Amino acid sequence: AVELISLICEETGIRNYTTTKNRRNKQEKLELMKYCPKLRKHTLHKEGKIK
Amino acid sequence: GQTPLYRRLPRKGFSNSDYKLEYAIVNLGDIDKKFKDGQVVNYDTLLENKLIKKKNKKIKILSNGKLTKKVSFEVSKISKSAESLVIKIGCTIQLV
Amino acid sequence: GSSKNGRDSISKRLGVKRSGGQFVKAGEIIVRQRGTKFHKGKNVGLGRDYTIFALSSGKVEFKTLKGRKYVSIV
RNA sequence: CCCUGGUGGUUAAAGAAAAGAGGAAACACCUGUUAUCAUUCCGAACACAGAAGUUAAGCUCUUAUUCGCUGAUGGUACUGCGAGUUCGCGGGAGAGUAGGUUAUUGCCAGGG
RNA sequence: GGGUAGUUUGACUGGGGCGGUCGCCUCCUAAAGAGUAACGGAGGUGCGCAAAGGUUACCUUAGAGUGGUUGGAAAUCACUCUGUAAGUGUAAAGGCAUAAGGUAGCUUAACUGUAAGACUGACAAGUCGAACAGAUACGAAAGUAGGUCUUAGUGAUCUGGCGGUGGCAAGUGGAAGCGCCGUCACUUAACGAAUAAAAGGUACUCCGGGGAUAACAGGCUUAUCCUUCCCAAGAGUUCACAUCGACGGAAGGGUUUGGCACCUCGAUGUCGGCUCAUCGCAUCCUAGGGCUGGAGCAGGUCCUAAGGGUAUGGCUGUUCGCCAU
RNA sequence: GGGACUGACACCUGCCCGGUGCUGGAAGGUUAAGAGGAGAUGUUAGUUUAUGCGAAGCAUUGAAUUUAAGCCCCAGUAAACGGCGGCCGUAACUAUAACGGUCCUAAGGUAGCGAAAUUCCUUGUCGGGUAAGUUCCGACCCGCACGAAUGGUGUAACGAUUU
RNA sequence: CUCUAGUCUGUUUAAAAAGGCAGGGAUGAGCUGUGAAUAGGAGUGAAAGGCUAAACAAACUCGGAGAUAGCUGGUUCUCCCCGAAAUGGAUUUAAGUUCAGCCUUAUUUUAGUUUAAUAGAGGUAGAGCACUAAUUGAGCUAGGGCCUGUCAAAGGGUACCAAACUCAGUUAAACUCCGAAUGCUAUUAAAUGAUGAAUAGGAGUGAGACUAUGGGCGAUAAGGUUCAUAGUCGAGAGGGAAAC
RNA sequence: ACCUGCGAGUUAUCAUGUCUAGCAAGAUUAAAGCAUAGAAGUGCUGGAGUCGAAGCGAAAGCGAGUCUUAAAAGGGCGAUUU
RNA sequence: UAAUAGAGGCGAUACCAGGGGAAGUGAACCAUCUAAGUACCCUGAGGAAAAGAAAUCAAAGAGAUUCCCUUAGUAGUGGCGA
RNA sequence: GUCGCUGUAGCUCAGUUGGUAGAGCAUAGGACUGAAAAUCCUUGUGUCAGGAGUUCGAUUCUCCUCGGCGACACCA
């Protein structure tokens, strides 16, 4: 009941990060302030698919 | 029966042979030791003076050793440090 | 009726790596341990797994206070 | 300098309990919640504002060491080595016994 | 689609099979550094958490006693003593009062590029790490944070999928494709993974070897077995020892069932019967005794004694045993 | 005419179509090649200020639609390969259980036979034979683990068979 | 004339399957002569895994072929110097192989090794009950039942069943408030003299055994099995333990 | 069984180390041709090629520096000392 | 039928072309792969056979086929295992 | 990974190219038989799985998901 999600930089769309998240516990759309190395600046990353 | 080292480790990529631009290195120290003023360091003179072999015809000039003699060059590539030193000594450079 | 058990982990090689009075340089590992069997004194640091390491060159020393052992670099 | 308060250093408990002594200054108790501040309720704590009163408690000192803590000297266990054999050389507990113990000290502020 | 063909069908193992086990973590064995085996002794594990992570700030359990609506041994509240015995998602151990325990606010460092120096180590790998640049979170600040108090929650290479980059581009310009960076798909669990793809029989057997390894014997051992002996509560009308001796205790014998695998598998022929024996005495008979709860006859128990003798048949391959004389 | 199994003769040959085979049946579910080219991709005359778009040609592709047998599915077939159960209680002593209840299966062994070329316990128990019979004959049934064409139970005659 | 039950001889036989006593069939599914036909994954088979040129669970000859063996055996003149291992890790591995460990040659390097002194970290032996458990006898006493002015109200006699507590006394690899000896590490000074290390060439070994201590398993049995330290054998002749 | 004979790390190539010989930042020819004589020689000729002389990186590319990244900021591999 | 012309078989336990085509083995099993288009069989010829005068190579400007030297154990290929 | 679909009453099943919320079984009540059965009759049993959009309104129409499906292709 745990899936591998990918955190995507909002303003570039690059899949910068991958992480684990438990489905059937929140089924929300996890957002995380992560550092986007393309821009040398922190920004918002959203949950998304892997494949 | 243990998995050999060349099978535990991964590979890295192609070799890019068949498309290399391969060609001979000649150094400034060599030119200083072998030549003198006023002649054209080029394919013909380096070949006859036995600094390269006439299989390759795309010489590059590198900057080991020091060069003191004003010369003319007709070469295919040149390093930035070497052409700076050679222009400073007062030679001339034509890229062919 | 065979044996119900027989199972052991790999030995982890804990213990004191540099003896008191030895000369170490910066970054040396002094103790490997689970938990602060030895606590941190002057000029040493504690890793995330309670490893003791030397922040500067010097000589290891162990002191005892209220029954607890402290490691320092002097 | 000494007292008081603050802050360290050296580790053996520098531990609690009961009794007695004081309080100029200092510390604390204590007073009000009104302002900013705090509690999963409570100005108890925290926080702010102060000087009516007191050693009562905390604190310091003095006590029978009352509990704890510490603890020899010998002897034993154990032990390395040994052509001496329950022996030869060296190392030497724990427990118990005789005791001991209610810290010491550096520099800052106040006034003696 | 066994009509036919090519093959596979693991290893450890006090012989093999059957059973069990195979990776990783914690403790003991482990003989006070590290390491150290067995089919030795106890357990866990193929995760969980968007907080149960990061930081700031503030608090302290469990137990016993005591006073209390139901309330009882034990719920919640208050005090005293005790001082971590409580609690730390999850086994155990090492730690944890400055708490790593409990609560609340904010928050995403569960970051990019790196990394002096090390630990552990056949190798492959694994582990710790100050500090530096970018950019955040918390904090007044100093500072801390590169997931979780620590140590288990894992899987090489090849192949392929997805996103990015734009390096390679078979005359040139593109492109297919590949490389690079990010990343996904293996109870490959027999968990350093012989293939993308695999079960049995042979007493019809064959070959190469082994006493490296079993069955028959020898050897070591004596649990078991057999023969005694020590203690004597008792039974025996009373009377421990005429006789039996329970409950325990100490040995020998090497015969029984076993243990070990030391000799022998380029061969040590295996059970009974027949024939022929020889030796031991722990004596079945004959011989000599002591005591009897020995009147006599006939016995019971013990000691000495191996010279000689120690039946014919029925059943069963039987040794053995039962039965008839 | 071929194959399978049984094996003169006499009396008989019981129950089960779930499993696996064989036979028959297509209503569906599923399914290959072949047709079908939605659409996507590379190239570029041109357009686009240019990228981007990009007609035609040439290539790489592919879905929706269509489609057989087979499998799933619906029946039959055991002289097809095969299968044919447990527990508990109960009568004018004691014993057993004609009987009853219950769980499960496709169905739970009928006739006959039974310490057998089958029976471990076992040299079962009783009777006959022998002075004495682990063999033999006749029975009992508590059939470890008989059983009806892998035939069941008998049988005159026959046997370099066994007792 | 054809076959071979029973038995004996034979068994380095007269015979690479016969001989002597005998036995079965003998008007038939009979015996036999001379030709012919069916061939190796095939034939034939009144069915034994029988037979197909004395060998058949897949004939013989030649060729691939000097097939492949982690298995067994063998490997030839001399002398000088040094000299192992039978362990660790991994393995379709356990009788194999590979890396490390141990050996040798060449070059370079100089710092092993044992003491003594000083200073460090353990938790073993031993000991102890302060923790986790086990446990002996008294003292005390909740609680449980027994008995009694009994209803089952509040009760009382307590032989006991007994928590906690007190005194005295024991047990533990997975208990530790304590705790050595040796061993381990660092430095220095002496003592010993190439025993250390680095690079490169070549290996072998990866079946061990017993003895003296500490253990685990077994039955404080085994010349048993499995580990740790040291020795010897292994690879060691000589003297002693009668041989060994 | 005895005795006597026969009977087992060899050859061709490549890799690498050592020794010897020669040259030297250079070393060296292979196939093949001519001359000579008939004498499967040995003398010239033959530079095609091979190994060194520069490395780093998957590669482009840049080079005593290069790769990793904005960073020689620090490291990995180099080196200036052949 | 007639007329001529040429074939038949052998040799060479060699060489060549075409057709058919293994396995013992190695991969420490094995099935892809390897051995290998090898062994062998069959049909054809020759003194040689075959191939051969570009609808070729390949990024160089060369100019038929064949045989040596090198490229080179390189480019690639392979349960990217051997 | 993909294709064909479904989820509506306690169960099963309709559901109309969009204006119904029901059919059968069962549940409960009345009646019937001597009861158990079988009629016969009443009677409940819904965001029609959730959301967005289409319509004037949506179980229905489309799309995105949730959970469960049947079937197909890969599986180092």
# chains A, B, ... in the order shown; residues from 1 in each chain; ligands from 1

$ residues_around --residues "residue 47 of chain D" --least-positions-apart "2" --cutoff "9 Å" --atoms "only C-alpha atoms (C1' of nucleotides)" --output "PDB file with C-alpha atoms (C1' of nucleotides), in the first residue's frame"
ATOM      1  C1'   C D  37       3.639  37.020  27.355  1.00  0.00           C
ATOM      2  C1'   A D  38       2.318  31.678  28.816  1.00  0.00           C
ATOM      3  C1'   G D  43      -0.583  34.260  36.988  1.00  0.00           C
TER       4        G D  43
END

$ residues_around --residues "segment 142-158 of chain E" --least-positions-apart "6" --cutoff "7 Å" --atoms "only C-alpha atoms (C1' of nucleotides)" --output "ChimeraX atom specification"
/B:7-10 /C:34-35,49 /E:24-25,45-47,53-54,100,109-111

$ write_last_selection --atoms "C-alpha atoms (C1' of nucleotides)" --output "PDB file, in the first residue's frame"
ATOM      1  CA  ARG B   7      30.569  -9.474 -14.847  1.00  0.00           C
ATOM      2  CA  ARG B   8      29.775  -7.760 -11.565  1.00  0.00           C
ATOM      3  CA  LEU B   9      30.905  -4.420 -12.900  1.00  0.00           C
ATOM      4  CA  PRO B  10      28.889  -2.482 -15.473  1.00  0.00           C
TER       5      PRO B  10
ATOM      6  CA  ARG C  34      25.978   1.352  19.690  1.00  0.00           C
ATOM      7  CA  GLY C  35      25.021   4.096  22.086  1.00  0.00           C
ATOM      8  CA  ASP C  49      25.593   6.256  14.935  1.00  0.00           C
TER       9      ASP C  49
ATOM     10  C1'   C E  24      20.155 -10.087   6.784  1.00  0.00           C
ATOM     11  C1'   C E  25      19.802  -8.275  12.250  1.00  0.00           C
ATOM     12  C1'   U E  45      13.005  -9.867   9.650  1.00  0.00           C
ATOM     13  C1'   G E  46      11.552  -9.020   3.292  1.00  0.00           C
ATOM     14  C1'   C E  47       8.437  -3.046   7.177  1.00  0.00           C
ATOM     15  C1'   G E  53      11.030  13.439   9.844  1.00  0.00           C
ATOM     16  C1'   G E  54      13.695  18.744  10.776  1.00  0.00           C
ATOM     17  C1'   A E 100      17.304   9.976  22.533  1.00  0.00           C
ATOM     18  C1'   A E 109      17.830  19.194   5.215  1.00  0.00           C
ATOM     19  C1'   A E 110      13.255  12.609   3.559  1.00  0.00           C
ATOM     20  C1'   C E 111      18.497  19.046  -0.291  1.00  0.00           C
TER      21        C E 111
END

$ interface_residues --of "chain C" --to "chain G" --cutoff "10 Å" --atoms "only C-alpha atoms (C1' of nucleotides)" --output "PDB file with N, CA and C atoms, in the first residue's frame"
ATOM      1  N   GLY C  15      34.353  -1.482  19.350  1.00  0.00           N
ATOM      2  CA  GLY C  15      35.429  -1.336  20.308  1.00  0.00           C
ATOM      3  C   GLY C  15      36.267  -0.101  20.047  1.00  0.00           C
ATOM      4  N   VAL C  16      37.269   0.063  20.893  1.00  0.00           N
ATOM      5  CA  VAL C  16      38.145   1.222  20.830  1.00  0.00           C
ATOM      6  C   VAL C  16      39.168   1.012  19.729  1.00  0.00           C
ATOM      7  N   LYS C  17      39.249   1.966  18.808  1.00  0.00           N
ATOM      8  CA  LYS C  17      40.147   1.836  17.674  1.00  0.00           C
ATOM      9  C   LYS C  17      41.504   2.468  17.918  1.00  0.00           C
ATOM     10  N   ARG C  18      41.565   3.553  18.677  1.00  0.00           N
ATOM     11  CA  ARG C  18      42.821   4.186  19.045  1.00  0.00           C
ATOM     12  C   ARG C  18      42.925   4.210  20.557  1.00  0.00           C
ATOM     13  N   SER C  19      44.028   3.704  21.086  1.00  0.00           N
ATOM     14  CA  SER C  19      44.159   3.577  22.525  1.00  0.00           C
ATOM     15  C   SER C  19      44.554   4.904  23.151  1.00  0.00           C
ATOM     16  N   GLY C  20      44.141   5.093  24.401  1.00  0.00           N
ATOM     17  CA  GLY C  20      44.425   6.309  25.132  1.00  0.00           C
ATOM     18  C   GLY C  20      45.900   6.627  25.182  1.00  0.00           C
ATOM     19  N   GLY C  21      46.263   7.827  24.761  1.00  0.00           N
ATOM     20  CA  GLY C  21      47.646   8.213  24.652  1.00  0.00           C
ATOM     21  C   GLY C  21      48.204   8.147  23.250  1.00  0.00           C
ATOM     22  N   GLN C  22      47.494   7.521  22.319  1.00  0.00           N
ATOM     23  CA  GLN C  22      47.970   7.487  20.951  1.00  0.00           C
ATOM     24  C   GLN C  22      47.744   8.830  20.276  1.00  0.00           C
ATOM     25  N   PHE C  23      48.541   9.079  19.247  1.00  0.00           N
ATOM     26  CA  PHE C  23      48.495  10.320  18.493  1.00  0.00           C
ATOM     27  C   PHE C  23      47.604  10.132  17.278  1.00  0.00           C
ATOM     28  N   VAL C  31      36.272   5.331  18.504  1.00  0.00           N
ATOM     29  CA  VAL C  31      35.429   4.278  19.046  1.00  0.00           C
ATOM     30  C   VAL C  31      34.297   4.013  18.071  1.00  0.00           C
ATOM     31  N   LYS C  59      46.403  13.954  21.060  1.00  0.00           N
ATOM     32  CA  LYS C  59      46.572  12.685  21.750  1.00  0.00           C
ATOM     33  C   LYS C  59      45.279  12.317  22.455  1.00  0.00           C
ATOM     34  N   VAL C  60      44.822  11.086  22.230  1.00  0.00           N
ATOM     35  CA  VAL C  60      43.571  10.629  22.817  1.00  0.00           C
ATOM     36  C   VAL C  60      43.702  10.579  24.328  1.00  0.00           C
ATOM     37  N   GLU C  61      42.622  10.892  25.036  1.00  0.00           N
ATOM     38  CA  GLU C  61      42.632  10.647  26.468  1.00  0.00           C
ATOM     39  C   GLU C  61      41.230  10.309  26.942  1.00  0.00           C
ATOM     40  N   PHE C  62      41.154   9.387  27.893  1.00  0.00           N
ATOM     41  CA  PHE C  62      39.903   8.982  28.510  1.00  0.00           C
ATOM     42  C   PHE C  62      39.867   9.500  29.935  1.00  0.00           C
ATOM     43  N   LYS C  63      38.768  10.133  30.304  1.00  0.00           N
ATOM     44  CA  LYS C  63      38.546  10.568  31.668  1.00  0.00           C
ATOM     45  C   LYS C  63      37.283   9.914  32.198  1.00  0.00           C
ATOM     46  N   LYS C  69      32.533   7.525  31.155  1.00  0.00           N
ATOM     47  CA  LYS C  69      33.812   7.724  30.488  1.00  0.00           C
ATOM     48  C   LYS C  69      33.666   8.748  29.373  1.00  0.00           C
TER      49      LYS C  69
END

$ closest_residue --among "D:42, D:98, D:2, D:12" --to "chain C" --atoms "only C-alpha atoms (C1' of nucleotides)"
D:12

$ residues_around --residues "segment 54-61 of chain H" --least-positions-apart "6" --cutoff "8 Å" --atoms "only C-alpha atoms (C1' of nucleotides)" --output "MDAnalysis selection string"
(chainID B and resid 12:16) or (chainID E and resid 167:168 179:180) or (chainID H and resid 67 77:78)

$ write_last_selection --atoms "C-alpha atoms (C1' of nucleotides)" --output "PDB file, in the first residue's frame"
ATOM      1  CA  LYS B  12      30.455   2.611 -19.754  1.00  0.00           C
ATOM      2  CA  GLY B  13      29.806   3.237 -23.451  1.00  0.00           C
ATOM      3  CA  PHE B  14      31.095   3.015 -26.992  1.00  0.00           C
ATOM      4  CA  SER B  15      34.719   3.436 -28.047  1.00  0.00           C
ATOM      5  CA  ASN B  16      33.973   5.979 -30.823  1.00  0.00           C
TER       6      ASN B  16
ATOM      7  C1'   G E 167      27.763  13.862 -26.710  1.00  0.00           C
ATOM      8  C1'   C E 168      28.295  10.116 -30.741  1.00  0.00           C
ATOM      9  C1'   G E 179      25.887   7.368 -24.873  1.00  0.00           C
ATOM     10  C1'   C E 180      25.323  10.593 -20.549  1.00  0.00           C
TER      11        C E 180
ATOM     12  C1'   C H  67      37.497  14.882 -16.037  1.00  0.00           C
ATOM     13  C1'   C H  77      43.839  10.176 -13.133  1.00  0.00           C
ATOM     14  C1'   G H  78      48.082  12.374 -14.683  1.00  0.00           C
TER      15        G H  78
END

$ residues_around --residues "segment 6-20 of chain I" --least-positions-apart "3" --cutoff "9 Å" --atoms "only C-alpha atoms (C1' of nucleotides)" --output "PyMOL selection string"
chain I and resi 41-46+48-50

$ write_last_selection --atoms "N, CA and C atoms (P, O5', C5', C4', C3', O3' and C1' of nucleotides)" --output "PDB file, in the first residue's frame"
ATOM      1  P     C I  41      33.167 -40.689 -47.493  1.00  0.00           P
ATOM      2  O5'   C I  41      31.684 -40.577 -48.057  1.00  0.00           O
ATOM      3  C5'   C I  41      30.675 -41.484 -47.643  1.00  0.00           C
ATOM      4  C4'   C I  41      29.301 -40.996 -48.025  1.00  0.00           C
ATOM      5  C3'   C I  41      29.099 -40.647 -49.486  1.00  0.00           C
ATOM      6  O3'   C I  41      28.867 -41.783 -50.300  1.00  0.00           O
ATOM      7  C1'   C I  41      28.208 -38.929 -48.137  1.00  0.00           C
ATOM      8  P     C I  42      29.479 -41.853 -51.782  1.00  0.00           P
ATOM      9  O5'   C I  42      28.548 -40.882 -52.625  1.00  0.00           O
ATOM     10  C5'   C I  42      27.150 -41.104 -52.713  1.00  0.00           C
ATOM     11  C4'   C I  42      26.439 -39.940 -53.354  1.00  0.00           C
ATOM     12  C3'   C I  42      27.011 -39.457 -54.673  1.00  0.00           C
ATOM     13  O3'   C I  42      26.605 -40.248 -55.774  1.00  0.00           O
ATOM     14  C1'   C I  42      26.591 -37.605 -53.271  1.00  0.00           C
ATOM     15  P     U I  43      27.560 -40.408 -57.054  1.00  0.00           P
ATOM     16  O5'   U I  43      27.305 -39.081 -57.889  1.00  0.00           O
ATOM     17  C5'   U I  43      25.998 -38.723 -58.306  1.00  0.00           C
ATOM     18  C4'   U I  43      25.936 -37.294 -58.781  1.00  0.00           C
ATOM     19  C3'   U I  43      26.923 -36.911 -59.868  1.00  0.00           C
ATOM     20  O3'   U I  43      26.502 -37.306 -61.160  1.00  0.00           O
ATOM     21  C1'   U I  43      26.943 -35.266 -58.177  1.00  0.00           C
ATOM     22  P     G I  44      27.574 -37.472 -62.342  1.00  0.00           P
ATOM     23  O5'   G I  44      27.930 -35.973 -62.740  1.00  0.00           O
ATOM     24  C5'   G I  44      29.153 -35.660 -63.386  1.00  0.00           C
ATOM     25  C4'   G I  44      29.509 -34.204 -63.219  1.00  0.00           C
ATOM     26  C3'   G I  44      30.883 -33.797 -63.722  1.00  0.00           C
ATOM     27  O3'   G I  44      30.913 -33.578 -65.121  1.00  0.00           O
ATOM     28  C1'   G I  44      30.540 -32.908 -61.563  1.00  0.00           C
ATOM     29  P     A I  45      31.396 -34.743 -66.113  1.00  0.00           P
ATOM     30  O5'   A I  45      32.739 -34.175 -66.748  1.00  0.00           O
ATOM     31  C5'   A I  45      33.944 -34.147 -65.997  1.00  0.00           C
ATOM     32  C4'   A I  45      34.391 -32.732 -65.721  1.00  0.00           C
ATOM     33  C3'   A I  45      35.879 -32.468 -65.869  1.00  0.00           C
ATOM     34  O3'   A I  45      36.266 -32.255 -67.213  1.00  0.00           O
ATOM     35  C1'   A I  45      35.118 -31.554 -63.831  1.00  0.00           C
ATOM     36  P     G I  46      37.598 -32.935 -67.790  1.00  0.00           P
ATOM     37  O5'   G I  46      38.746 -31.898 -67.416  1.00  0.00           O
ATOM     38  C5'   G I  46      38.609 -30.521 -67.723  1.00  0.00           C
ATOM     39  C4'   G I  46      39.497 -29.674 -66.850  1.00  0.00           C
ATOM     40  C3'   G I  46      40.976 -30.020 -66.871  1.00  0.00           C
ATOM     41  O3'   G I  46      41.652 -29.466 -67.985  1.00  0.00           O
ATOM     42  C1'   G I  46      40.256 -29.763 -64.638  1.00  0.00           C
ATOM     43  P     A I  48      47.306 -25.519 -66.410  1.00  0.00           P
ATOM     44  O5'   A I  48      46.902 -24.680 -65.115  1.00  0.00           O
ATOM     45  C5'   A I  48      45.541 -24.465 -64.773  1.00  0.00           C
ATOM     46  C4'   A I  48      44.935 -25.679 -64.113  1.00  0.00           C
ATOM     47  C3'   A I  48      43.464 -25.583 -63.741  1.00  0.00           C
ATOM     48  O3'   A I  48      42.600 -25.802 -64.841  1.00  0.00           O
ATOM     49  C1'   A I  48      44.679 -26.506 -61.936  1.00  0.00           C
ATOM     50  P     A I  49      41.478 -24.720 -65.220  1.00  0.00           P
ATOM     51  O5'   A I  49      40.346 -24.936 -64.124  1.00  0.00           O
ATOM     52  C5'   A I  49      39.598 -26.139 -64.070  1.00  0.00           C
ATOM     53  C4'   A I  49      38.948 -26.328 -62.722  1.00  0.00           C
ATOM     54  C3'   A I  49      38.033 -25.206 -62.265  1.00  0.00           C
ATOM     55  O3'   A I  49      36.729 -25.296 -62.815  1.00  0.00           O
ATOM     56  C1'   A I  49      39.515 -25.762 -60.519  1.00  0.00           C
ATOM     57  P     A I  50      36.033 -24.009 -63.471  1.00  0.00           P
ATOM     58  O5'   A I  50      35.638 -23.104 -62.225  1.00  0.00           O
ATOM     59  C5'   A I  50      34.753 -23.580 -61.225  1.00  0.00           C
ATOM     60  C4'   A I  50      34.891 -22.798 -59.944  1.00  0.00           C
ATOM     61  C3'   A I  50      34.680 -21.298 -60.054  1.00  0.00           C
ATOM     62  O3'   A I  50      33.313 -20.928 -60.034  1.00  0.00           O
ATOM     63  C1'   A I  50      36.657 -21.720 -58.842  1.00  0.00           C
TER      64        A I  50
END

$ select_by_dssp --residues "segment 3-50 of chain B" --states "strand (DSSP E)" --output "JSON, numbers by chain"
{"B": [25, 26, 27, 40, 41]}

$ residues_around --residues "residue 25 of chain H" --least-positions-apart "6" --cutoff "10 Å" --atoms "only C-alpha atoms (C1' of nucleotides)" --output "ChimeraX atom specification"
/B:51 /H:52-53,82

$ closest_residue --among "D:45, D:17, D:26, D:81" --to "residue 109 of chain D" --atoms "only C-alpha atoms (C1' of nucleotides)"
D:26

$ residues_around --residues "residue 196 of chain G" --least-positions-apart "3" --cutoff "10 Å" --atoms "only C-alpha atoms (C1' of nucleotides)" --output "list in words"
residues 110, 111, 112 and 113 of chain G

$ interface_residues --of "chain B" --to "chain I" --cutoff "9 Å" --atoms "only C-alpha atoms (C1' of nucleotides)" --output "list in words"
residues 1, 17 and 18 of chain B

$ residues_around --residues "residue 42 of chain A" --least-positions-apart "2" --cutoff "12 Å" --atoms "only C-alpha atoms (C1' of nucleotides)" --output "list in words"
residues 9, 10, 11, 16, 32, 33, 34, 35, 36, 37, 38, 39, 40, 44 and 45 of chain A; 108, 111, 112, 134, 135, 136 and 137 of chain E

$ atom_distance --atom1 "atom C1' of residue 27 of chain J" --atom2 "atom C1' of residue 43 of chain J"
9.8 Å

$ atom_distance --atom1 "atom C1' of residue 19 of chain D" --atom2 "atom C1' of residue 103 of chain D"
22.6 Å

$ select_by_dssp --residues "segment 8-89 of chain B" --states "alpha helix (DSSP H)" --output "ChimeraX atom specification"
/B:8,28-34,43-48,80-89

$ atom_distance --atom1 "atom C1' of residue 86 of chain E" --atom2 "atom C1' of residue 64 of chain E"
14.2 Å
